[PDB]
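Chemist: Got a structure here, written out as structure tokens. Questions coming.
There are 2 protein chains.
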Amino acid sequence: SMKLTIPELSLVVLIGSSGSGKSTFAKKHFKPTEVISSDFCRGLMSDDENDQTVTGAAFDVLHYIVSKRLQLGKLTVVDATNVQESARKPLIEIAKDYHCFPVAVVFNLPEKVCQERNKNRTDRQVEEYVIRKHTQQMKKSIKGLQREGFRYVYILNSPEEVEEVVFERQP
Amino acid sequence: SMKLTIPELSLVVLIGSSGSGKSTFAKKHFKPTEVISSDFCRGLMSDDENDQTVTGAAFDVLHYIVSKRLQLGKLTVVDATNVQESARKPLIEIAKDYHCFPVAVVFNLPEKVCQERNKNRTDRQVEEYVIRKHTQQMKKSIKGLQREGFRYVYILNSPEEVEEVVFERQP
Ligand SMILES: Nc1nc2c(ncn2[C@@H]2O[C@H](COP(=O)(O)OP(=O)(O)OP(=O)(O)O)[C@@H](O)[C@H]2O)c(=O)[nH]1
Ligand SMILES: Nc1nc2c(ncn2[C@@H]2O[C@H](COP(=O)(O)OP(=O)(O)OP(=O)(O)O)[C@@H](O)[C@H]2O)c(=O)[nH]1
Ligand SMILES: [Mg+2]
Ligand SMILES: [Mg+2]
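So this is what it looks like as structure tokens:
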């Protein structure tokens with residue numbers, strides 16, 4: 022088993038391409054209310070799943086929901102791709118503002134694993150170019166995560182490592 | 022600053038090429054008795070400086086001293102190159118046996134930084150091929166550290182980041 026230590030009051034930032042298994046992971050390890058996803062926040066703005074003008078407002082809504090939860094001292098998991106630095110930066114700022122530890126959990130899986138899961142999804146799919154781009158962005162993000170302000174950086178390098186994770190909420 | 026969190030019962034394993042600044046780092050951040058260097062244990066075996074004929078014995082003594090400190094529940098920093106898995110593995114096993122968290126602090130500096138510092142050392146110097154080898158070994162080691170059993174893995178990627186380091190002990 023791979024034991025990942027997280028403080029009782031953390032902002033757990035999931036980082037991974039579409040299809041990397043973020044939401045599945047979040048569901049397996051955390052309570053439903055602890056998880057705030059970008060899909061959920063987009064849904065608050067538009068019942069139209071494919072509306073792109075909504076993304077900006079949806080990020081604002083996600084950041085604000087996270088802020089209020091953390092302000093209440095409630096461990097929160099951000100279930101979004103988070104492969105761009107510009108997406109991670111305000112999350113880290115939020116964590117610092119409410120004196121929480123930002124934790125990075127990176128789904129460092131090969132692009133082919135993500136592409137294959139995507140092809141087999143029955144809930145919703147993305148285009149292949151999206152996952153190609155996400156994976157490149159994820160890879161380029163890894164080295165710099167600690168310096169970005171993540172207090173603990175956990176890189177999961179394979180599906181088996183992902184599957185072996187157990188969180189320890191000691192601190 | 023770069024805040025690195027360690028539990029008060031930690032085995033802190035410094036990982037880095039000769040000349041990467043491990044001993045300098047250890048002296049800056051820890052008490053002298055918390056730090057056990059391979060050089061010190063070598064000195065217990067031989068009055069000659071950096072005697073290479075007693076290496077096996079020196080590391081045996083290091084392992085023994087480390088395990089006795091952990092046994093007494095004392096935080097210990099292992100100040101050796103630790104760029105080989107075979108050197109790290111017994112430290113991890115010792116930590117496990119004494120219910121201590123092994124922490125990796127990796128000096129991921131460019132080879133040229135270590136080569137350059139080496140030529141200006143007053144205590145002792147190594148040949149260039151040694152530092153080239155150490156650096157290759159260190160870089161190969163990074164990805165697998167968490168899987169090896171290190172609970173926290175902190176990678177320092179430049180002298181500036183090494184400089185900014187502050188430890189936060191959680192007892
Ligand atoms: N076998 C296996 N399948 C998985 C695992 N994680 C996810 N999957 C499958 O991969 C598909 C996508 O997983 P999600 O958890 O939706 O991926 P995501 O990272 O949330 O994707 P986006 O929401 O598009 O960013 C699902 O159909 C899952 O069945 C896993 O650990 N093992
Ligand atoms: N300018 C500067 N010099 C440093 C720094 N850290 C170490 N040095 C110098 O680099 C040289 C080697 O540093 P050490 O701490 O002995 O390196 P080490 O990793 O212990 O090397 P070994 O014991 O041979 O494995 C010394 O001359 C230090 O003074 C630093 O942060 N800044
Ligand atoms: Mg999802
Ligand atoms: Mg030294």
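Same order as they appear, the protein sequences are chains A and B.
Residues 22 to 192 (our numbering) are what the first sequence spells out, left to right.
Residues 22 to 192 (our numbering) are what the second sequence spells out, left to right.
Even for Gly, the Cβ is constructed at its ideal location relative to N, Cα and C.
1. Please decide whether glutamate 169 (chain B) counts as near chain A, where near means a Cβ-Cβ distance under 8 Å.
2. Tell me, please, whether the CB atom of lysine 164 (chain B) is closer than 8 Å to any CB atom in chain A?
3. Could you check where the beta strand (DSSP E) with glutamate 189 (chain B) kicks off and where it finishes?
4. Which partner residues of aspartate 100 (chain A) appear in the DSSP bridge assignment?
5. Throw me the rounded Cβ distance for the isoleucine 86 (chain A) and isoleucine 57 (chain A) pair, which I believe falls under 8 Å.
6. With a cut-off of 8 Å, does the C-beta of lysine 24 (chain B) fall near any C-beta of chain A?
7. Excluding sequence positions up to five away, which residues of its chain have a Cβ less than 8 Å from the Cβ of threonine 45 (chain A)?
8. Measuring from the CB of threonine 102 (chain B), is there a heavy atom of ligand 2 at a distance below 7 Å?
9. Tell me which residues pass a beta-carbon proximity test against ligand 2: closer than 5 Å to any heavy atom, given in chain order.
10. Indicate whether at least one CB of chain A lies closer than 8 Å to the CB of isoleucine 176 (chain B).
11. Report the residue ranges of all alpha helix (DSSP H) runs contained in full by the region 99-176 of chain A; include only those spanning at least 4 residues, in chain order.
12. With DSSP run on the structure shown, which of helix, strand or coil describes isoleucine 86 (chain A)?
13. Looking only at its own chain, which residues have a Cβ that is under 7 Å from the Cβ of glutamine 105 (chain A), when we skip the five neighbours before and after it?
14. Quick check: the region 128-142 of chain A against the region 63-80 of chain A, are there 3 or more CB pairs under 8 Å?
15. In the structure shown, what three-state DSSP assignment does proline 28 (chain B) receive?
16. For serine 44 (chain A), report the span of its alpha helix (DSSP H) as first-last.
17. Does chain A have any CB closer than 8 Å to the CB of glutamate 70 (chain B)?
18. Going by the beta-carbon positions, is the gap between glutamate 169 (chain B) and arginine 109 (chain B) smaller than 8 Å?
19. Counting only beta-carbon atoms, is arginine 172 (chain B) nearer than 8 Å to chain A?
20. Within 10 angstroms of the Cβ of residue 8 (chain A), are there 16 or more other Cβ atoms? Answer buried if so, exposed if not.
21. Please list, in chain order, the chain B residues whose beta carbon lies closer than 8 Å to that of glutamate 182 (chain A).
22. Taking buried to mean at least 16 other C-beta atoms within 10 Å of its own C-beta, is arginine 145 (chain B) buried or exposed?
23. Do you know offhand how far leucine 83 (chain A)'s Cα is from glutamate 29 (chain B)'s?
24. At a CB-CB cut-off below 9 Å, which residues of chain B make contact with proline 192 (chain A)?
25. Residues in the same chain with beta-carbon distance under 8 Å from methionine 23 (chain A), minus the five sequence neighbours each way, listed in chain order, please.
26. Classify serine 107 (chain B): buried if its beta carbon has 16 or more other beta carbons within 10 angstroms, exposed otherwise.
Modeler: Judging by the given coordinates:
1. Counted from its first residue, the second sequence places residue 169 (chain B) at position 148. Not one beta carbon of chain A lies nearer than 8 Å to the beta carbon of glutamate 169 (chain B).
2. The residue labelled residue 164 (chain B) in the question sits at position 143 within the second sequence. Yes, because at least one Cβ of chain A sits closer than 8 Å to the Cβ of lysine 164 (chain B).
3. Translated into positions along the second sequence, residue 189 (chain B) becomes position 168. Residues 186-191.
4. Sequence index remark: in the first sequence, residue 100 (chain A) carries index 79 (1-based). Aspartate 100 (chain A) pairs with A:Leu35, A:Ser58.
5. Numbered from 1 along the first sequence, position 65 holds the residue referred to as residue 86 (chain A). Numbered from 1 along the first sequence, position 36 holds the residue referred to as residue 57 (chain A). Between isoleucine 86 (chain A) and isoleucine 57 (chain A) the beta-carbon gap is near 5 Å, inside 8 Å, which marks them as a contact.
6. Position 3 of the second sequence, counted from the start, is the residue given in the question as residue 24 (chain B). Interface residue (Cβ-Cβ distance to chain A less than 8 Å): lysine 24 (chain B) is classified as such.
7. Start at 1 with the first residue of the first sequence, and residue 45 (chain A) comes out as number 24. Nothing meets the Cβ criterion.
8. Translated into the one-based positions of the second sequence, residue 102 (chain B) becomes position 81. For ligand 2, at least one heavy atom lies less than 7 Å from the Cβ of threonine 102 (chain B).
9. Going by the Cβ distance cut-off, the answer is B:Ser39, B:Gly40, B:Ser41, B:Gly42, B:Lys43, B:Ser44, B:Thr45, B:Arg138, B:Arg142.
10. Here residue 176 (chain B) is taken as the residue at index 155 of the second sequence, counted from 1. Closer than 8 Å to some Cβ of chain A, the Cβ of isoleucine 176 (chain B) qualifies, so yes.
11. Correct list: 106-118, 132-141, 149-162, 166-169.
12. Start at 1 with the first residue of the first sequence, and residue 86 (chain A) comes out as number 65. Helix at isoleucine 86 (chain A).
13. As a first step, residue 105 (chain A) is located in the first sequence; it is residue number 84 there, counting from the start. Here the set comprises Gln158.
14. No: fewer than three Cβ pairs fall under 8 Å.
15. The residue given as residue 28 (chain B) occupies position 7 in the second sequence. Strand at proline 28 (chain B).
16. The count along the first sequence starts at 1 and reaches residue 44 (chain A) at position 23. From DSSP, the alpha helix (DSSP H) with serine 44 (chain A) extends over 43-50.
17. The residue given as residue 70 (chain B) occupies position 49 in the second sequence. Taking Cβ atoms only, chain A never reaches closer than 8 Å to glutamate 70 (chain B), which makes this a no.
18. Looking up residue 169 (chain B) in the second sequence gives position 148. Looking up residue 109 (chain B) in the second sequence gives position 88. The answer is yes: Cβ separation under 8 Å.
19. For this step, residue 172 (chain B) is matched to residue 151 along the second sequence. For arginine 172 (chain B), at least one C-beta of chain A is nearer than 8 Å to its own C-beta.
20. A query on residue 8 (chain A) cannot be resolved here, the shown segment of chain A reaching from 22 to 192 and no further.
21. Along the first sequence, one-based indexing puts residue 182 (chain A) at 161. The contacting residues are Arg168.
22. On the second sequence, position 124 is the one that residue 145 (chain B) refers to. Taking all protein chains shown into account, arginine 145 (chain B) has fewer than 16 neighbouring C-beta atoms within 10 Å of its C-beta and is therefore exposed.
23. Locating residue 83 (chain A) in the first sequence gives position 62, counting from the first residue. Locating residue 29 (chain B) in the second sequence gives position 8, counting from the first residue. Roughly 36 Å separates the two Cα atoms.
24. If you number the first sequence from 1, residue 192 (chain A) lands on position 171. Those are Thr26, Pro28, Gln191, listed as they occur along chain B.
25. Position 2 of the first sequence, counting from 1, holds the residue named residue 23 (chain A). Same-chain partners within the cutoff: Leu177, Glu182, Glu185, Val186, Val187.
26. Walking along the second sequence from the start, residue 107 (chain B) turns up at place 86. Exposed is the call here.
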